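Take the sequence shown: its letters are residues 10 to 239, 242 to 244, 249 to 266, 284 to 506, numbered as in the entry's author numbering. Structure first, commentary second.
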Amino acid sequence: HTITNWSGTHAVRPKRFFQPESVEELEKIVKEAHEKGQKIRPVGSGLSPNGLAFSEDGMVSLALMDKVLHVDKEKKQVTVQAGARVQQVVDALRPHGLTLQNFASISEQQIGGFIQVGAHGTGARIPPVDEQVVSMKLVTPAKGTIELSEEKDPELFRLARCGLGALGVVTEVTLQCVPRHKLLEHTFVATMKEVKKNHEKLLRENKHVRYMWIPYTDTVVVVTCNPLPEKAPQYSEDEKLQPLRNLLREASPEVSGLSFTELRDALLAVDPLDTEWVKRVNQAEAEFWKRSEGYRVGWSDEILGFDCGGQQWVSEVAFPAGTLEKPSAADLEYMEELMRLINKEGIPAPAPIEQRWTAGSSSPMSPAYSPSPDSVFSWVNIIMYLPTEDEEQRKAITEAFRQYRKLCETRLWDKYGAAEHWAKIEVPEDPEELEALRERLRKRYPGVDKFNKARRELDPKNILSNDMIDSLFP
Ligand SMILES: Cc1cc2nc3c(=O)[nH]c(=O)nc-3n(C[C@H](O)[C@H](O)[C@H](O)COP(=O)(O)OP(=O)(O)OC[C@H]3O[C@@H](n4cnc5c(N)ncnc54)[C@H](O)[C@@H]3O)c2cc1C
Ligand SMILES: O=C1O[C@H]([C@@H](O)CO)[C@H](O)[C@@H]1O
Numbered sequence: 010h011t012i013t014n015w016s017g018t019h020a021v022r023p024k025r026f027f028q029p030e031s032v033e034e035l036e037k038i039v040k041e042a043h044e045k046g047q048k049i050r051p052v053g054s055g056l057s058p059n060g061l062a063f064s065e066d067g068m069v070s071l072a073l074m075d076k077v078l079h080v081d082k083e084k085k086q087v088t089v090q091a092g093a094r095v096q097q098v099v100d101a102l103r104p105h106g107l108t109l110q111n112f113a114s115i116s117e118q119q120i121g122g123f124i125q126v127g128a129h130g131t132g133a134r135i136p137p138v139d140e141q142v143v144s145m146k147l148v149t150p151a152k153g154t155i156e157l158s159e160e161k162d163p164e165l166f167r168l169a170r171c172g173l174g175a176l177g178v179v180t181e182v183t184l185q186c187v188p189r190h191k192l193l194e195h196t197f198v199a200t201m202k203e204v205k206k207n208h209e210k211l212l213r214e215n216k217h218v219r220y221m222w223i224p225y226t227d228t229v230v231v232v233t234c235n236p237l238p239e242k243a244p249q250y251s252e253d254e255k256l257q258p259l260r261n262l263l264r265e266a284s285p286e287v288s289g290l291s292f293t294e295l296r297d298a299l300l301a302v303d304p305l306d307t308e309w310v311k312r313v314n315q316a317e318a319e320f321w322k323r324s325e326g327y328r329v330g331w332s333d334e335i336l337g338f339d340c341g342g343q344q345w346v347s348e349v350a351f352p353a354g355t356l357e358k359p360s361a362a363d364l365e366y367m368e369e370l371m372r373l374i375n376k377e378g379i380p381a382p383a384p385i386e387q388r389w390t391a392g393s394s395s396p397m398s399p400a401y402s403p404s405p406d407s408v409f410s411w412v413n414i415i416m417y418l419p420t421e422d423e424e425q426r427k428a429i430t431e432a433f434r435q436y437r438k439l440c441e442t443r444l445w446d447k448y449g450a451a452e453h454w455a456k457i458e459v460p461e462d463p464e465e466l467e468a469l470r471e472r473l474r475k476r477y478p479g480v481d482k483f484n485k486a487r488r489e490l491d492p493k494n495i496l497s498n499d500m501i502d503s504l505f506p
């Protein structure tokens, strides 16, 4: 079994690959893996953009353990085997009239890999998915199967539920659900100025708010979602795509089939590191979005999904933007600086730069860790696309993205106290940078020392961790 992430930027062929169908079977696997000092890193769907779960030596998947065990019809709660995919849990929950509190744009993630990185959606009053776990069962190399909750070692619970697969193998999760609801989704464009005006009130008046920023333009695409009490409040598809189709014809039945995202991919392909060419692609996409204002209605699960496009490099940071009651302007200032920089340094940055918001997490490891609840994090995701399979063109884009991320890395993350998403962080080779990174992790995470202490307490032989984990927590 050879195993590759979504963007095929990372792949691994583990010497050992285990896929147990029962806790009993997994209990054994770790017991024996412990007894022998053999690596077994937990893996979910393997989709993490940075290969977090990848180990040459050994990996365990709970893909076959994916049943919904119990529904508490009253406390609005599902207990689910860790191997269940988000999609699988949305389907099972449907007839029980329940849904998850939030979704992370794709739904192929396993609950394990979903919670272990503190995945998030958007919505200023909605935490990342760590704060959605009531209880978990975790299989430890040292203590065996232990039950965690706000009651059973709540100190460990919060450190475990977001443990980057390093504190044990999660077998069960009880999740705080909300009632299955339809959602009204509003898409519109705006200027920086128009954003700044309605921003503070927009976050607070709208359940979900996401901004797609389009570099080398003053077009920001805003997407609000709110529950439909009772329903929905024009350009043709051909007319929406005309600018991108017209731009590609400059440099057909080949074209007429391509989706909006295939056109971007096919446009970027032409010359993805020439900044002037990207200027033109981004302007055309801005026009598309200008021709795509409107409303949709659907179930939260259908609406909070987002088509992310082709294979890609991405980097998302979570940084503090005050509290509900004391608004901050870090979030829009962050964006101003970043768009000042891309122009100043001639970065061939395609669209979109995705800015979202979450409530704080009580999970020490969450990149939106706050002691104060009703705190607010802005998340900002940068992207370069890999439109083709030319390893040549794919290594220039890899270069340029590292430089793009590196420039944010210095100029912004320190200033704003920005912590990287656990699924997107890349361990740099240059030993300067790795020590540079390490001092930043300490700087942004108080619970670090306590996290390696739980690693020795629960996995003293270190069979659950890979190079990545060792390099980040030395
Ligand atoms: C196209 C795309 C869009 C995305 N959008 C979002 C988004 O909107 N929001 C967001 O927050 N993230 C997003 N992500 C990132 C994604 O949520 C994470 O990569 C997620 O962790 C993937 O889940 P997985 O099951 O594939 O995890 P894997 O990559 O398989 O594993 C993730 C982590 O969990 C551990 N693990 C997995 N299963 C278990 C288990 N049973 N017990 C213990 N540890 C376990 C692994 O060791 C690893 O540390 C996106 C990724 C892609 C590719
Ligand atoms: O990993 C991710 O990929 C998407 C991004 O590519 C948006 O274009 C999600 O928003 C998330 O940040």
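Heads up, the beta-carbon is just placed ideally off N, CA and C, and yes, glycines get one too.
Is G341 near ligand 2, going by C-beta to nearest heavy atom under 7 angstroms? yes
In chain order, what are the residues with a CB under 5 angstroms from some non-hydrogen atom of ligand 1? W15, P51, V52, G53, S54, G55, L56, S57, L61, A62, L71, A91, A113, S114, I115, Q118, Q119, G121, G122, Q125, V126, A128, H129, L173, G174, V178, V179, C340 and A455
Is the number of C-beta pairs between the segment 395–410 and the segment 341–355 that are closer than 8 angstroms three or more? yes
Apply the 10 Å Cβ neighbour rule to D462 and answer buried if 16 or more other Cβ atoms are within range, or exposed otherwise. exposed
For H129, count neighbouring Cβ atoms within 10 angstroms of its own Cβ and tell me buried if that reaches 16, exposed if not. buried
Thinking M145 and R170 are a contact (beta carbons under 8 angstroms), I'd like their distance in whole angstroms, please. 6 angstroms
Decide if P51 is buried, meaning its Cβ has at least 16 other Cβ atoms within 10 Å, or exposed. buried
Based on Cα-Cα distance, which residue from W309, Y417 and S404 lies nearest to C340? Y417
From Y225, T196, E140 and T226, residue whose alpha carbon lies closest to that of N215: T196
Please list, in chain order, all residues of the same chain as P236 whose beta carbon is under 8 angstroms from its beta carbon, the five residues on each side excluded. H190, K191, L192, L193 and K216
Would you say the beta carbon of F338 comes nearer than 7 angstroms to a heavy atom of ligand 2? yes
Anticipated Cβ contact below 8 angstroms, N59 with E458, distance rounded: 6 angstroms
Between the CA atoms of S288 and residue 6 - distance to the nearest angstrom: For the chain, the structure presents residues 10 to 506; residue 6 sits outside this window and is missing.
For the alpha helix (DSSP H) containing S410, name the first residue and the last one. Here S410 belongs to no alpha helix (DSSP H); instead the beta strand (DSSP E) covers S407 to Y417.
Is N413 a contact residue of ligand 2, with contact defined as CB to any heavy atom under 7 angstroms? yes
Please tell me whether, using a cut-off of 7 angstroms, the distance from the CB of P384 to the nearest non-hydrogen atom of ligand 2 is below it. yes
Give the single residue among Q125, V178, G174 and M371 whose Cα lies nearest to the Cα of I223. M371
So what does DSSP say about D481, is it helix, strand or coil? helix
Contact check, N314 vs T420, beta carbons under 8 angstroms: no
Is any heavy atom in ligand 2 found nearer than 7 angstroms to the beta carbon of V346? yes
Touching by the beta-carbon criterion (3+ pairs, under 8 angstroms), the segment 150–168 and the segment 475–495: yes
Pick helix, strand or coil for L56, following the three-state DSSP scheme. coil
Out of curiosity, what's the CA-to-CA distance linking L305 and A432? 8 angstroms
Straight-line gap, residue 281 to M68 (C-alpha atoms, nearest Å): Because the chain is numbered 266 and then 284 with no intervening positions, residue 281 cannot be located in this model.
Cβ neighbour criterion (16 or more within 10 Å) applied to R103: exposed
Starting from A391, follow its DSSP beta bridges and name the residues at the other end. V408
Out of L373, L61, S395 and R25, state which residue places its alpha-carbon closest to the alpha-carbon of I501. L61
6 angstroms CB neighbourhood of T233 in its chain, flanking five on each side removed: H195, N215 and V218
Where DSSP assigns a beta bridge to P352, which residues make up the other side? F409
CA-CA distance, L73 and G92? 7 angstroms
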